[PDB]
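Worksheet: the structure to be examined is printed underneath.
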Amino acid sequence: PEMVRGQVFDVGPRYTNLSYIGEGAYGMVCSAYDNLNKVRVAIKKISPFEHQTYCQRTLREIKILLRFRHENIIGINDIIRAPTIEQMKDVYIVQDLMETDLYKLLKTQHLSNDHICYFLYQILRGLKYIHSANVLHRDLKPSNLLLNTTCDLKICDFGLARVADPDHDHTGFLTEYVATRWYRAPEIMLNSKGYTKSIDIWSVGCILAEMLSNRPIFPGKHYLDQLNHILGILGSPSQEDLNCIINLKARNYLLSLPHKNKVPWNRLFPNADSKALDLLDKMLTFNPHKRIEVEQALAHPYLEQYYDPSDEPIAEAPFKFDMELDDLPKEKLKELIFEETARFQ
Ligand SMILES: O=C1NCCn2cc(-c3ccnc(NC4CCOCC4)n3)cc21
């Protein structure tokens, strides 16, 4: 029973030579050698049966990643768990080992325009597949973008993912949100539940600004401060942008603010490619209805050396509806996780 620094990692005999990677709200990740495929892999240990929320996230991810098959999306090679529902306390997700992530890379490395261009193309190609399956990632950020030595990119962590539900997206002002603050679209704080595809596009726009300068574009220190950073760059929303905001608390908050001028992209990023800044502007549009869609972003002149619609595949079977796991307790979801992972036994 290998132990990765004070913790049980029961993955053998197939997985040996274990070394710690990271840890978080997704469980704990480690590297290990696979004696069957003769290569090193990544193993994610999840213990979700204590909390119902963790049961949802585990099932969500397993279900999505098992259906998805795409070069720019991390696959699941194996799932390790106990032979019975009674003995099952943990779930181990085995994935292809990646060398690093874009969060770690941006902390120490300046990217050339060619690297920015290629990484962005890959994000969008993976995102086109995700959205074609009617799925929203909802937590796109540099630590969820994995890379290898040849600059291949894979989107990981679908724990917070949901099936798109545009008809049920409206909500009140300052309504609680789970996804990472710096990459949150402005509508999240105003009137949106984050149930539309446009929320992922905003996150990609933030990632692009981050690749251009090695600094987050909207580094809010807390929740309402996020919207101050966004408005501090985009300027005051137009009358037309405000007409889409019909709940009065959000509307009157925006109207109460002093007039702010848009900070031009060329001043924020004076070394950036003019086409990169034109695409950035379209992804970081205040109005989510006017915001560029994934297929238009792929067709933008900035990505013309890579744009090939016949080599940008879509999902064969989209997810019809969102799984009603909001009220299902940790026991019915334990049986669904057990059934979903049966194939790997
Ligand atoms: O689902 C996940 N939640 C968030 C964290 N996370 C990482 C992975 C993962 C998968 C395959 N390889 C690697 N390699 C690492 C990348 C970082 O730098 C060291 C090597 N990481 C999957 C997840």
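Scheme for the structure tokens: letters A, B, ... for chains in order shown; per-chain residue numbers from 1; ligand numbers from 1 in order shown.
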
Return as an mmCIF file with C-alpha atoms, in the first residue's frame the residues of protein, DNA or RNA that approach ligand 1 to within 6 Å, with only C-alpha atoms and all ligand atoms taken into account.
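Generated file (part31.cif):
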```
data_model
loop_
_atom_site.group_PDB
_atom_site.id
_atom_site.type_symbol
_atom_site.label_atom_id
_atom_site.label_comp_id
_atom_site.auth_asym_id
_atom_site.auth_seq_id
_atom_site.Cartn_x
_atom_site.Cartn_y
_atom_site.Cartn_z
ATOM 1 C CA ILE A 21 2.593 16.229 -7.879
ATOM 2 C CA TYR A 26 -10.119 17.919 -6.662
ATOM 3 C CA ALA A 42 -0.639 10.680 -13.442
ATOM 4 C CA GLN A 95 -4.264 9.819 -16.888
ATOM 5 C CA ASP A 96 -1.402 10.324 -19.388
ATOM 6 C CA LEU A 97 1.401 12.143 -17.557
ATOM 7 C CA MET A 98 1.959 15.730 -18.691
ATOM 8 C CA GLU A 99 5.176 17.620 -17.959
ATOM 9 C CA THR A 100 3.688 20.875 -16.659
ATOM 10 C CA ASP A 101 0.772 23.306 -16.751
ATOM 11 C CA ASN A 144 -6.243 23.442 -15.882
ATOM 12 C CA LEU A 146 -1.547 20.827 -19.198
ATOM 13 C CA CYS A 156 -8.113 18.930 -17.634
ATOM 14 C CA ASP A 157 -10.502 18.979 -14.573
#
```

For residue 114 (chain A): contacts at 12 Å, only C-alpha atoms, fewer than 5 positions along chain excluded, given as number ranges by chain:
A: 119-121, 151, 211-212, 272-273, 276, 302-303, 305-306

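As for CA of residue 226 (chain A) and CA of residue 147 (chain A), they are spaced 28.1 Å apart.
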
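Minimum atom-to-atom distances from A:32, A:227, A:76, A:255 to residue 242 (chain A) were compared using only C-alpha atoms, and the lowest value belongs to A:255.
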
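Between residue 80 (chain A) and the candidates A:205, A:12, A:48, A:142, the tightest atom-to-atom separation, counting only C-alpha atoms, involves A:12.
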
Please identify the helix (DSSP H, G or I) residues within region 18-243 of chain A (assignment by DSSP from backbone atoms) and present them as JSON, numbers by chain.
{"A": [52, 53, 54, 55, 56, 57, 58, 59, 60, 61, 62, 63, 64, 65, 66, 67, 102, 103, 104, 105, 106, 107, 108, 113, 114, 115, 116, 117, 118, 119, 120, 121, 122, 123, 124, 125, 126, 127, 128, 129, 130, 131, 132, 142, 143, 144, 166, 167, 168, 181, 182, 183, 186, 187, 188, 189, 190, 198, 199, 200, 201, 202, 203, 204, 205, 206, 207, 208, 209, 210, 211, 212, 213, 223, 224, 225, 226, 227, 228, 229, 230, 231, 232, 233, 234, 239, 240, 241, 242]}

Would you return as a PyMOL selection string the members of region 29-245 of chain A that DSSP assigns to strand (DSSP E or B) on this structure's backbone?
chain A and resi 29-34+39-46+73+78-80+91-96+100-101+135-136+145-147+153-155+162-163+170+192

Given only C-alpha atoms as the basis, pick out the residue of A:197, A:154, A:168, A:181 nearest to residue 137 (chain A).
A:197

Give me the residues near residue 2 (chain A) as a PyMOL selection string, where near means some atom within 10 Å (using only C-alpha atoms) and where sequence neighbours in that chain fewer than 2 positions away do not count.
chain A and resi 4-5+7-13+15-18

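Nearest to residue 225 (chain A) of all the residues A:174, A:338, A:132, A:68 is A:174, based on only C-alpha atoms.
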